[PDB]
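Undergrad: quick one, structure for this:
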Amino acid sequence: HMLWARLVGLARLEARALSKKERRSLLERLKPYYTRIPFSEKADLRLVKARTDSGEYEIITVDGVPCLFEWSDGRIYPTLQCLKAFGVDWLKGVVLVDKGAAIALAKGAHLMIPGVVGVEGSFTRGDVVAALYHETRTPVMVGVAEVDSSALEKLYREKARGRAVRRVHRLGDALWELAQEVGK
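TA: Numbers count the residues shown, from 1 in each chain. Next up is the structure itself:
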């Protein structure tokens, strides 16, 4: 296939079904980091590789939805499209943020504690979490918790300074634009 996305531009695509061993491995790689696997063991899993001007992206689709990708720490993370199709309850936790923080994250900033207004779930430093604009519960960024959820509960109420979540993927980034078009 070929597609043309905002930001990244023209992309040449190569897709293939995941092997039975690859599907098994994927489930095993996810189990330690999320509350549960969000999709069925019957869902159609494919690996889509897209080559654009600057480089290459690899995304796992679940029933056609561009949902998972491997990051530089070797862990598998969900795209924001995955959170839309499957929700956020399967993540260990989510952090609710104010409007200025939702906007900053949609521009690519990391999430600092003063923009946090709520914590859900239970997680420790290093866990995968999603940041959501509190008013509409719109996911705006996926990243890594820099503090435990019980510590964050105290820190956001004091509006302490410091990083709460390290950005990995966010609304409007290159992967987001590519994923939006794959989904189309």
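
Undergrad: can you list the domains in the chain?
TA: What curated CATH domains lists as the domains of the chain is 1-88+172-184, 89-171.

Undergrad: and the strands in this structure?
TA: 2-5, 9-17, 45-51, 56-62, 65-70, 76-78, 93-97, 111-112, 116-121, 128-133, 138-145, 163-170 (DSSP state E).

Undergrad: wait, what's in contact with the closest residue to residue 80 other than its chain neighbours?
TA: Excluding the flanking residues, the one nearest residue 80 by CB to CB, 6 or more residues apart in numbering is residue 139, at 5.2 Å. Bear in mind the C-beta positions are built from the backbone N, C-alpha and C, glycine included. By CB atoms under 8 Å, 6 or more residues apart in numbering, the residues touching residue 139 are 80, 83-84, 88, 94, 130-132, 171.

Undergrad: could you do residue 29 as well?
TA: Contacts for residue 29 (CB under 8 Å, 6+ apart) come out as 75-76.

Undergrad: how about residue 56?
TA: So residue 56 contacts 49-50 (CB under 8 Å, 6+ apart).

Undergrad: partners of it in the sheet?
TA: On the basis of DSSP bridges, residue 56 is bridged to residue 51.

Undergrad: swap in residue 131?
TA: Beta-bridge pairing for residue 131 (DSSP bridges): residue 95, residue 141.

Undergrad: that one contacts residue 144, correct?
TA: No - using CB atoms under 8 Å as the test, residue 131 is too far from residue 144 to be in contact (11.1 Å).

Undergrad: what is in contact with the two at once?
TA: Contact criterion CB under 8 Å, 6+ apart; residues shared by residue 131 and residue 144: residue 165.

Undergrad: picking up where we left off before, so how far is residue 146 from the residue nearest to residue 80?
TA: Noted for residue 139: a distance of 18 Å to residue 146, by CB to CB, to the nearest Å.

Undergrad: equivalent analysis for residue 5, please.
TA: According to CB to CB, residue 5 stands 31 Å off from residue 146.

Undergrad: deepest in the core, which of the domains of the chain is it.
TA: domain 89-171 (a mean of 19; mean count of other CB atoms under 10 Å).
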